[PDB]
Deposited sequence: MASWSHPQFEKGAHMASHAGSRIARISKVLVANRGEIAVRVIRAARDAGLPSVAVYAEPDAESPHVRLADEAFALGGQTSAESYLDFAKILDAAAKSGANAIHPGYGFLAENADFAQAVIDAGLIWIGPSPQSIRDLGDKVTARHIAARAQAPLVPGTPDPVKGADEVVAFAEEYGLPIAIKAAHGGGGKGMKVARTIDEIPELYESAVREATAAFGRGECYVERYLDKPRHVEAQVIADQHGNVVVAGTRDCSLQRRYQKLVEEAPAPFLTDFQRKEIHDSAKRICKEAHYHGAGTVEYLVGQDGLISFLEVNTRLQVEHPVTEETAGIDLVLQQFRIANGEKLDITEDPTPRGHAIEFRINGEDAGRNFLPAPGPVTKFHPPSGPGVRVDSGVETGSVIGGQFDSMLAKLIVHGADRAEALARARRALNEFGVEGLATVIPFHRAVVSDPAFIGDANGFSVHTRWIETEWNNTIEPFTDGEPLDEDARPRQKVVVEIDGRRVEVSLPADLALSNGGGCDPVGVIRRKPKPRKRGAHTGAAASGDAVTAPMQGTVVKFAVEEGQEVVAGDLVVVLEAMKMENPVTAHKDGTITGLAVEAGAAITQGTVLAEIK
């Protein structure tokens, strides 16, 4: 079966992004919207739009029946889930396939297998992925954790097997294990936990893959997403900088083995941690297209949404080898959050939305002047992507573009981005930089004035 009309089961910037790709591919698109999104850019951009009703995600975008009904009413024969919402929902993917629709994504079983920590680690082990020591299966108790720590050393992390505490001494283990199981149970309905060596101050480095339904896998490039705060990414860049050729080879090679071991297809991402001593360690596989895909698009020269269409149509990959990156790109998430108030979101009107443009500038937005931000959904307004001939040129262009970026009416993190692109920890030197996944929260000198 071949895609002829695409319903985009999402909102905001990603809906706009997929609508544009549909138009590039000559495919009619269908927007869907909850009540507060009736006047969103994605509604006006699609070829047609259907109201889902509802004021919340649970009443609209997350409702299987309502999405499938909009597909039926519009006559779409394919669904692109975007990211978030139902993109990683295997039962939804199956419901889509069961209705005779094309699911623009990986198989439901891939989603289940890669989305479960233990199953995913087993796949990674079979693929000979770089892995820090850990328990291959969940522990049955605190005494297993203590034993792991005695044999392999501290510090260790105790993590939910089906959904996180760092132990630095033996004595603290029992209490931390108990907290871990309870938090895990409360969050995901299951308390089982596994243990592994914990890496302090790691970089977050990920490999963008393109995998067809025929065993062919290409790595489009790497990204560094170390500038995250409590695992929420704020700034991403491509290629991931300051890595040896041997590190990149280990990352690219292993990402493909993991995919093929999982019988995976789609345009997802294999994420890794890199320790202070340069050790690469497998983290997880994101089965869907990630938010930060544009920095790869600008440097690898590949339209990844168009690849998704091709993969879902059953085509063999038309890319025969990992592309060489051209220049450097950095993405800044324009979240409606106040960095001067612990990044708390704060709804309000987008009284003025004045995005930058000109050389090296790409803007993927889900809002415009007059947009109304309520608190029902994610705080993401838009993404600024800046491309230059090298990292230094990209940083210089980013300072210029962030300087032009005007958003009025509500708080955004633009002042954070303006600070970080001139922070010596992020600029770094020839030998590397000083940021890591805990940097924003524990080291960055926050002098942002509250909105």
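Which parts of the deposited sequence lack C-alpha coordinates in this model? Number from residue 1, please.
1 to 23, 187 to 191, 480 to 614 are the stretches of the deposited chain that have no C-alpha coordinates in the structure.
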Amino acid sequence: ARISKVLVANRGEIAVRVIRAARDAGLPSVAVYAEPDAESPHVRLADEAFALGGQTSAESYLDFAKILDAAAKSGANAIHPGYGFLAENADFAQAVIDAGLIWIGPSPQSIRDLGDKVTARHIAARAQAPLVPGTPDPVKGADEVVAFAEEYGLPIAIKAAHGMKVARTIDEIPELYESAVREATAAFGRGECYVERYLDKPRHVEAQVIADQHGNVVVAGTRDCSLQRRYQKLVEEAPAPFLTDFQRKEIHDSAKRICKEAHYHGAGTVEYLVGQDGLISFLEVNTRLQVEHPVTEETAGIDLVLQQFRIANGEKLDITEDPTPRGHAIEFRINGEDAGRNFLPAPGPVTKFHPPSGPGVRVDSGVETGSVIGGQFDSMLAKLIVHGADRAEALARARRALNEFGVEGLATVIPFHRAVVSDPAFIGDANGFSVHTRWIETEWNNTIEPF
From here on, numbers count along this sequence of modelled residues.
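Averaged over C-alpha atoms, is the B-factor higher for 134 to 142 or for 262 to 270 in this PDB entry?
Taking the mean C-alpha B-factor of 134 to 142 and of 262 to 270, the larger value falls to 134 to 142.
With respect to the recorded C-alpha B factors, which stretch has the higher mean value, 338 to 346 or 185 to 193?
Comparing 338 to 346 with 185 to 193, the higher average CA B-factor belongs to 185 to 193.
Could you tell me which one of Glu237, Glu298, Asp171, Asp245 shows the highest CA temperature factor in the PDB record?
Checking the PDB record, the top C-alpha B-factor among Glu237, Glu298, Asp171, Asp245 is at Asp171.
Please pick out which of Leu317, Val367, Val361, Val219 has the largest Cα B-factor as recorded in the entry.
It is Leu317.
Test of reading the entry: by CA B factor among the chain's modelled residues, which third contains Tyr83?
Lowest third of the chain for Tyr83's C-alpha B-factor.
Where the record places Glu48 (Cα B-factor, split into thirds across the chain)
Middle third, going by the recorded CA B-factors of the chain.
Chain-wide C-alpha B factor ranking for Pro106, given as lowest, middle or highest third:
As the PDB entry reports it, the C-alpha B-factor of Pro106 lands in the middle third of its chain.
Compared with the other modelled residues in the chain, in which third is the CA B-factor of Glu13?
Answer is lowest: the recorded C-alpha B-factor places it there.
Name the third of the chain's ranked CA B-factors that contains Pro36, choosing lowest, middle or highest.
According to the entry, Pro36 has a C-alpha B-factor in the chain's highest third.
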